[PDB]
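These notes are about the structure you will find just below.
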C-alpha cells in the first residue's frame with residue numbers, strides 16, 4: 742500500500758468506479774496525472790512518465806486492480822439529474838473489495 | 743482559462759453543494775500540489791509566499807461556487823446515509839442556476 746500511495750503524494754489521483762452487473766460487482770480503475778490527464782492502463786502511465794521526464798516514481802507505484810484500498814471509490818446512484826458517480830465513505834469500500842475477491 | 747492554470751500544476755478545485763431545506767449552499771476548496779486543503783484567499787496567498795510558487799497569483803484563483811472549473815459534488819441522502827455525488831459536466835450549470843433561483 743505504501744508503494745501504491747506514493748503517486749497520491751506527488752498529486753496524482755486514483756479512482757475506482759464500481760458497477761453491479763446483475764448481482765456481480767465489477768470495478769474499473771483510472772489515474773489522473775497532476776495536470777488532470779486521465780490514464781486508464783499501464784502503457785498510458787509509462788508513456789506519461791516518459792513524455793514528462795518523471796523518474797522519482799515508476800510502473801511499480803501504479804496498479805489498475807479494483808481490489809486495492811487506495812484512492813477514491815464511486816458507485817452509480819440515480820437521482821433528479823439521472824445517474825451520478827457517488828463517493829463511497831472509506832468504511833463502505835471494504836464490502837465492495839471483499840465481493841470482488843476470490844472468483 | 744486563468745482559473746485552469748493551477749490545475750495544470752497539480753492543484754485541484756472542488757465545489758461542494760449542500761441542500762439546506764431547498765436552499766443550495768456551495769463551498770469551494772483548493773488542494774495544493776502537496777494535498778494541503780485551502781479554503782480562503784489569504785491562506786492561498788500565504789501558501790504562494792511560503793512555498794515560493796510565483797507563476798500563479800490571486801487572479802488564477804476563485805472561491806466562488808458559481809464557476810464551472812474543477813469537480814462539483816452534491817451531498818445526497820441514501821441507503822448508505824450522506825454521500826457526495828460527483829456532478830456530471832451537464833449537471834453543473836443547472837445546479838448553479840438552482841443556487842440563484
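Residue numbers (PDB author numbering), protein chains in the order written: chain B, 742 to 844; chain A, 743 to 843.
C-beta atoms are modelled at their ideal positions from N, C-alpha and C, and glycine is treated no differently.
Worksheet item: How long is the line joining the alpha carbons of residue 838 (chain A) and residue 807 (chain A), rounded to whole angstroms?
Response: The alpha-carbon atoms of residue 838 (chain A) and residue 807 (chain A) are separated by roughly 8 Å.
Worksheet item: Run through DSSP, which three-state label would residue 749 (chain B) get?
Response: helix
Worksheet item: Between which two residues does the beta strand (DSSP E) containing residue 837 (chain B) stretch?
Response: First-last for residue 837 (chain B): 831-841, but that is the alpha helix (DSSP H), not the beta strand (DSSP E).
Item to complete: Give the straight-line distance between the Cα atoms of residue 762 (chain A) and residue 823 (chain B), rounded to the nearest whole angstrom.
Response: 21 Å
Worksheet item: Beta-carbon of residue 815 (chain B) versus every beta-carbon of chain A: anything under 8 Å?
Response: With respect to chain A, the C-beta atom of residue 815 (chain B) has a partner C-beta closer than 8 Å.
Discussion item. If you reduce the DSSP assignment to three classes, tell me which class residue 801 (chain B) lands in.
Written reply: helix
Item to complete: Tell me, please, which residues DSSP counts as bridged to residue 779 (chain B).
Response: B:773
Practice prompt. State the beta-bridge partners of residue 761 (chain B) as determined by DSSP.
Written response: As a beta-bridge residue in DSSP terms, residue 761 (chain B) pairs with B:766.
Fill in: Best match in B:843, B:757, B:775 for proximity to residue 805 (chain B) [C-alpha to C-alpha]
B:757
Worksheet entry | For residue 813 (chain B) and residue 755 (chain B), the rounded distance between their alpha carbons | For residue 755 (chain B) and residue 813 (chain B), the gap between their C-alpha atoms comes out near 6 Å.
Worksheet item: To which residues of the same chain is residue 800 (chain A) closer than 7 Å at the C-beta, ignoring the five residues directly before and after it?
Response: 783, 787
Discussion item. Give me the DSSP bridge partner(s) of residue 828 (chain A).
Written reply: A:815
Item to complete: Select from B:830, B:803, B:744 the residue whose C-alpha is nearest the C-alpha of residue 820 (chain A).
Response: B:830
Discussion item. For residue 797 (chain A) and residue 746 (chain A), I'd like the C-alpha separation in whole angstroms.
Written reply: Taking the CA atoms as reference points, residue 797 (chain A) sits about 13 Å from residue 746 (chain A).
Worksheet item: Cβ atoms of residue 749 (chain B) and residue 826 (chain A): under 8 Å apart, would you say?
Response: Between residue 826 (chain A) and residue 749 (chain B), the C-beta spacing is not below 8 Å.
Worksheet item: Looking only at DSSP bridge pairs, what is residue 754 (chain B) linked to?
Response: B:773
Worksheet item: For residue 847 (chain B) versus residue 803 (chain B), is the C-beta spacing smaller than 8 Å?
Response: In this structure chain B extends from 742 to 844, so residue 847 (chain B) is not present and cannot be described.
Worksheet entry | Between the CA atoms of residue 817 (chain A) and residue 768 (chain B) - distance to the nearest angstrom | 23 Å
Worksheet item: Quick one, which of A:791, A:834, A:795, A:753 has its alpha-carbon nearest residue 694 (chain A)'s?
Response: As shown, chain A starts at 743 and ends at 843. That puts residue 694 (chain A) outside it, with no answer to give.
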